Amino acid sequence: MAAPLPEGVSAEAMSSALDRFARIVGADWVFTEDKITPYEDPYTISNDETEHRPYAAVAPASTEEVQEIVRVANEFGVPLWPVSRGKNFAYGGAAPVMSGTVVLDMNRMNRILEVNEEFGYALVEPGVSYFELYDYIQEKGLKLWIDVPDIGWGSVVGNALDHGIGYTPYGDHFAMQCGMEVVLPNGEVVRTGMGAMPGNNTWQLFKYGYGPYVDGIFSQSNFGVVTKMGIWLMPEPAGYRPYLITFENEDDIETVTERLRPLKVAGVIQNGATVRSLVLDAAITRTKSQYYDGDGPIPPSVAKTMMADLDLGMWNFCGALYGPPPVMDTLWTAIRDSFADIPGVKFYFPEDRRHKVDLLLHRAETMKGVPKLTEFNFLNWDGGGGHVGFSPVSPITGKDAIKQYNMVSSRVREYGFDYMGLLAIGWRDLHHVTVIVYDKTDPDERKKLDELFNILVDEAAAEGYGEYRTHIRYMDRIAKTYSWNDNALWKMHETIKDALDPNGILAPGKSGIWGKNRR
């Protein structure tokens, strides 16, 4: 069925807004009726077809068009859902929390405004993908790397704004942000930091500028529409050595995490540490059906088969060394020696891997900032599906790591899904990441997923583990877990929302922030 109107908005107001939008961007750039279906969540979760349905989409070609759209949204009380490229698959794609919202899709604003080799930065518009920025760098021969998520068709901007991550030393994308331009909810435009000074040549060199540091408030936010963003890029290193360390027992994750802690805190491991479980790594190059006829999750005997077929452990730590050989060698000594006495441990460099198609060769590309789309092949583990993830924060402790693995793998399997988990460390933060692959077409799998997901949130929150990024469906649920002092923080978010966006026309429900008209 069709999307309903957003509540409080008549057909006449919607119809008028949509025609006014068209006068701004052109009639070819407003999408209604059958043209809306790319804007739906590709990985459907609700069995209720009235939920999370975009009414329409508008695709501007400039900041000045964005500003006009936002003015028109306020005129008609029609809410917008800003996306940079709208490829937030796992988190709802380009779909809004609240049905009836209109997607403001900025993919056509795709100017690379600057790439600066000597200072190691780019200034990009939202529509620039990782492929595009990577391609531009290679074609100009600049000695710079990007930092990519596992998949490269998303937005350098959009990803950063949702607190996305990659797998080089610059893997905390928002932390590497510097300078931005924002269209505020009233349609006026501002620049942050040194961008606020006329004639500056420092916008992308110095984060703070002067006064309150506000860039952060426009991440995981509905306070503004970002139209330009600077980002630091890593100079090409003098060397690069990707590695895989595998562990034969599920219980090894406890001691593994203890050994990871001082190496990450001291910065001996230079990129994000990712320790992936067997099935998650195996699903890159293989399907369940090739090892197992069963309908349900794999049994232990299959696991042992897979390990030996693929030379993977139950836990698989990928990382990389960057810099001159003498540095890489020193850091490696410390890393290898931290794990050598663990019964069953295996160590691998690319030249040690006997398969042409192989997990370490795959992840080696990502850890040097090469964009690809191969990661989507893991969705075929169980025939073909979508995915959704649960990625709360815990201390980098063996106990926290194995508690969460025990907690989650039992629950996920209880609902018939294979456990596909990952223990990730940024700098001081561990995340047990649950990855759930599901038949999105099946109302019954959908129902099981929703129920499982809610259990995971509550059981983690009961342990003081909080999620930092989530699907549109769970944004309210996650917001409600940050309840210290009777939800004091969200009360402050709502206050700021009401001040910047009195009419509530940017992304109602994003991060569980609604605005006075709708709460």
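Just count from 1 along the sequence shown to find any residue number.
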| property | result |
| --- | --- |
| Segment of higher mean CA temperature factor, 26-34 or 458-466 | 26-34 |
| 442-450 or 89-97, whichever carries the higher mean Cα B-factor | 442-450 |
| Residue selected from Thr227, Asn201, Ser221, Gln270 by maximal Cα B factor | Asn201 |
| Member of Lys288, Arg108, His163, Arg191 with the greatest C-alpha B factor (per the PDB record) | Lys288 |
| For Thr168, the third of its chain into which the C-alpha B factor falls | lowest |
| Among modelled residues of the same chain, the CA temperature factor third for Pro326 | highest |
| Third of the chain, ranked by Cα B-factor, where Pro262 sits | lowest |
| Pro4 by Cα B-factor - lowest, middle or highest third of the modelled chain | middle |
| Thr481, C-alpha B-factor rank within chain (lowest, middle or highest third) | lowest |
